[PDB]
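Examining the three-dimensional arrangement
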Amino acid sequence: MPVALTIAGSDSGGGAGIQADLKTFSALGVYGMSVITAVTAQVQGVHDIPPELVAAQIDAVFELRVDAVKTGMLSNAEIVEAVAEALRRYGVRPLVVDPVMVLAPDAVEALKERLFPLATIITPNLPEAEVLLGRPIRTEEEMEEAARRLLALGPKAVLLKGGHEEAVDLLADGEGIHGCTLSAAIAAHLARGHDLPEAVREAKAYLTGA
Amino acid sequence: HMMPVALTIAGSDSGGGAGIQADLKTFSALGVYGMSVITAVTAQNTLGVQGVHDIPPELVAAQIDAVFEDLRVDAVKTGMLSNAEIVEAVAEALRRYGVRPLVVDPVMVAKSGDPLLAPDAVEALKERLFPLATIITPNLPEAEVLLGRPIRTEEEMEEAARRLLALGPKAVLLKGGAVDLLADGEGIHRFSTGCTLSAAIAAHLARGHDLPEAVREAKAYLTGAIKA
Ligand SMILES: Cc1ncc(CO)c(N)n1
């Protein structure tokens, strides 16, 4: 019954991609949908899909009613452009933007400018956030500041994922500051009508079982 | 804990009607871990095909290489191959690795009627992939294209089944338009969408079921999915 769309790259050998997204969707009880922006070989080569087709792929997905959208690797600035308008063209939906760098600056400036305001939640991490802010994150106070300054870009929330001394994942929300395929799992709960904090908590708890 | 693994080598139908997306769903529905290689990304609307972008042949092989290095594939499916260079790359890629159950669905035309296989590529499909298939699943139009003769009666279906067997495939499943024929070197059996059935066959083969049963199971799966 729940429907969720992933708009990302394709890695045939497992790992990040529509393949990894769609497995978590049906694993969490969500009817997964997919739109391919690029094709990857696990990295021997990368092939970008033309932006007009990337947009044309999305239109075909909405008749169906999508309950949540996941956004992985958008390799071109023009793909991000076409993606953004495509999501804007249709009705408001919980949108999860996973900013995957690997990184052309031409392209990243379109994530923040064209796509982050659309997001209901972005899930970056330590090195990836540094790309978005140009500043190195060396402290949790800096990590806390980065969650704030990121949230300022438009996303109703920000899950900053910190690997490292010891570090904790931080959820930047309006109420306050509280391998990863979490984005696919977070969007899955959102399709199920869960609110943002329980979607994040149930998603993280879902991964820790493995 | 490693369960059966299957691989689809088809195109992308972002709308989810056909292509690898429908293959993956029948793979997981039948309890098989699904791998996927994209040969081209297509956008299909109710009106027709809004666009096709062929993935480079050099790439498709790399995707296949990525799949078999990671895991052991228990059965393989070829769906849409759009250009002849893909067909050769896919053929050499499957040849490069061990002898598997290979289901070759010769898709040539999308639901709307627009082409999904360049005419120059179908004969490379016959020379390169058909000798590698353990079963090919053509319907009556696709056979009429593979052979040039029209199939208008059940008698002609059995000849087409025999003619197709000569191309290399161990078995041929000819789909009527009102009986289906499973043709083997040992004989013919006549039974009383296409992407789903092909993937379902490969899925049961991926679970180690013998070829005639895998077909009867696949048809039962398809019958269940359509009616209810
Ligand atoms: C990739 C693909 N395979 C099959 C069909 C339908 O035959 C389709 N429309 N697209």
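Cut-offs applied
Here the numbering of residues is sequential along each chain, from 1 in written sequence order, and it may depart from the entry's numbering. Residues without coordinates do not appear. For this description, chains carry letters from A and ligands carry numbers from 1, given in the order in which they are written. Excluded from the side-chain calculation are hydrogens and water; included are all heavy atoms of the structure. Residues with missing side-chain atoms are left out of burial classes, side-chain pairs and their counts. Runs of H or I in DSSP of at least four residues are treated as helices and runs of E of at least two as strands, each being numbered from the N terminus. Both definitions apply: the radius of gyration is a C-alpha atom measure, and the globule rule equals 2.2 Å times residues to the power 0.38. Here a residue-residue contact requires only that any non-hydrogen atoms of the pair lie within 4.5 Å. Think of it as three bins: nonpolar holds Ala, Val, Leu, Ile, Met, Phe, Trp, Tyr, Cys and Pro, charged holds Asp, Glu, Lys and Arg, and polar takes everything else, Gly as well. A pair of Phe, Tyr and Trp rings is counted when the ring centres sit within 6.5 Å of each other, with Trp represented by its six-membered ring. The angle between the planes then sorts it: under 30 degrees is stacked, over 60 is edge-to-face, the rest tilted. The buried label goes to any residue with under 20% of its type's maximum accessible area, the exposed label to any with over 50%, and the partly exposed label to all in between, with areas taken from a 1.4 Å probe on protein chains only. The directions from the helix axis to the C-beta atoms are what the arc is built from. In this analysis, strands are considered paired if DSSP registers two or more bridges between them. Crossover handedness is defined by viewing with both strands directed away from the observer: a clockwise path from the first strand over the helix to the second marks the crossover as right-handed. Proximity is defined per residue: any heavy atom of the residue falling within 4 Å of a molecule or strand makes that residue near it. Polar contacts, as counted here, are pairs of nitrogen or oxygen atoms within 3.5 Å of one another; within protein the pair requires one atom able to donate a hydrogen and one able to accept it, and residues that are adjacent in sequence qualify only if both atoms are side-chain atoms. The Shrake-Rupley method, run with a 1.4 Å probe, gives the accessible areas here. Residue values count only the displayed protein chains as cover. By definition here, a salt bridge exists when the distance from a side-chain nitrogen of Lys or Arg to a carboxyl oxygen of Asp or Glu is within 4 Å. In plain words, nonpolar cores are sets of buried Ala, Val, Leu, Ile, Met, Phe, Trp, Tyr and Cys residues tied together by side-chain atoms within 4.5 Å. Simply put, an axis is a line fit to the C-alpha atoms, just over the touching stretch for a helix, and the angle between two N-to-C directions goes from 0 to 180 degrees. If an angle is under 35 degrees, it is roughly parallel; if it is over 145, roughly antiparallel; if it lies from 65 to 115, roughly perpendicular; otherwise it is oblique. Rotating anticlockwise by less than a right angle from the far helix to the near helix defines a left-handed crossing, while the corresponding clockwise rotation defines a right-handed one.

Under the PDB entry, the name given to chain B is Phosphomethylpyrimidine Kinase, and the organism recorded is synthetic construct. Per the PDB header, the title for this entry is "Ancestral protein AncThEn of Phosphomethylpyrimidine kinases family".

Chain A has the name Phosphomethylpyrimidine Kinase in the PDB entry, where synthetic construct is given as its organism.

Let us now look at the overall build of chain B. Helix and strand counts for chain B come out as eight helices and nine strands. At 16 Å, chain B has a C-alpha radius of gyration in line with the 17 Å of a compact globule built from 228 residues.

Interface extent is often summarised as the accessible area lost during association of the parts. Contact with chain A, which involves 25 residues of that partner, is made by 29 residues of chain B. Those elements that place two or more of their residues in the side of chain A that touches chain B are α1 (18-27), β2 (31-40), β3 (46-48) and α2 (51-61) of chain A. Its residues assigned to classes, the side of chain A that touches chain B shows twelve nonpolar, eleven polar and two charged.

This paragraph deals with the packing of aromatic side chains. Per the counting criterion, the structure on display carries two aromatic pairs over all chains. Plain terms: the ring middles of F62(A) and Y90(A) are 4.5 Å apart, the flat faces sit at 35° to each other, and that makes the pair tilted. Given the relative accessible area of 28%, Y90(A) is considered partly exposed. Relative to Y97(B), the ring of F68(B) has its centre 4.7 Å away and its plane inclined at 55°; by these criteria the two rings are tilted. Note that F68(B) is positioned in helix α2 (residues 57-70) and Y97(B) in the loop between α3 (84-96) and β5 (102-104), a separation of 29 residues in sequence.

With that settled, the discussion passes to the environment of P94(A). Residues and elements named next belong to chain A. Looking at the element boundaries, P94 is found in the loop between α3 (77-89) and β5 (95-97). Assessed through its relative accessible area of 25%, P94 is described here as partly exposed. Separated by 22 residues in the primary sequence, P94 and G72 have C-alpha atoms spaced 15 Å apart. Those residues within four positions of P94 in sequence are excluded, and the remaining contacts are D67, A68, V69, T120 and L190.

Bringing helix α5 (residues 126-133) of chain A into the picture now. Residues and elements named next belong to chain A. Among all positions in α5, only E128, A129, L132 and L133 are buried. Along the axis of α5, the buried positions cluster into a sector of 130°, meaning they face one direction only. Those residues of α5 that are buried lie in contact with α4 (105-115), α6 (140-151) and β7 (158-160). Two residues or fewer past α5, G134 is found with a positive phi of approximately 65°.

All right, on to the pairing of β2(A) then. All names here are of chain A. Taking burial as the measure, the ten residues of β2 include nine buried ones, the bulk of the element. One ladder, built from eight bridges, connects strand β1 (residues 3-11) with β2; its direction is parallel. Bridging across to β2, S10 finds its partner in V39. On the question of chirality, the crossover connecting β1 to the parallel β2 by way of α1 is right-handed. Relative to β3, β2 is paired through three bridges, and the arrangement is antiparallel. Of the residues in β3, the one forming a bridge with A38 is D48.

Let us now look at the site of the ligand. Residues and elements named next belong to chain B. Taken together, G11, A18, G19, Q44, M80, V109, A110, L116 and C195 form the complete shell of residues around the ligand. In the environment of the ligand, a nitrogen atom lies 2.7 Å from a nitrogen or oxygen atom belonging to the side chain of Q44. At 3.5 Å, a backbone N or O of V109 approaches an oxygen atom of the ligand. For the ligand, the accessible surface in isolation is 290 Å², of which the surrounding protein chains cover 89%.

Now for the pattern of salt bridges. Overall, the coordinates contain 13 salt bridges over all chains when judged by the stated rule. The salt bridge partner of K70(A) is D21(A), with a shortest N-O separation of 3.2 Å. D21(A) carries the same exposure label as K70(A), and that label is buried. Where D169(A) meets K204(A), a salt bridge forms, and the shortest distance between an N and an O atom there is 3.7 Å. Classification of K204(A) by relative accessible area gives partly exposed; the value is 30%. Overlapping salt bridges, with partners in common, bring together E154(B), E158(B), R162(B) and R190(B) in one network.

With that settled, consider the nonpolar core. One finds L5(A), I7(A), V83(A), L7(B), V90(B) and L129(B) to be the most contacted residues of the largest nonpolar core, which totals 100 residues. Per element, the largest residue contribution to this core is seven residues, and it comes from α3(B). Setting aside its immediate chain neighbours within four residues, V90(B) contacts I9(B), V60(B), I64(B), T78(B), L81(B) and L129(B).

For the rest of this paragraph, the subject is the packing of helix α1 (residues 19-29) of chain B against helix α7 (residues 194-206) of chain B. Residues and elements named next belong to chain B. Two elements in contact, α1 and α7, have axes whose closest approach is 9 Å; the angle formed by their N-to-C orientations is 45°. The orientation of α1 with respect to α7, classified from their angle, is oblique. With respect to the hand of their crossing, α1 and α7 are arranged in right-handed fashion. Here α1 contributes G19, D23, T26 and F27 to the contact with α7, which in turn contributes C195, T196, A199, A200, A202 and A203.

Positionally, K219(B) belongs in helix α8 (residues 211-227). If near-sequence neighbours (up to four positions away) are discounted, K219(B) is found in contact with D180(B), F191(B), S192(B) and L197(B).

Another aspect to go through is the pairing of β1(A). Residue and element names in this part refer to chain A. Counting buried residues along β1, nine of its nine residues qualify, which places the element largely inside the surrounding structure. As paired strands, β1 and strand β4 (residues 68-71) are joined by four bridges and run parallel to one another. Its bridge partner lying in β4, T6 is registered against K70.

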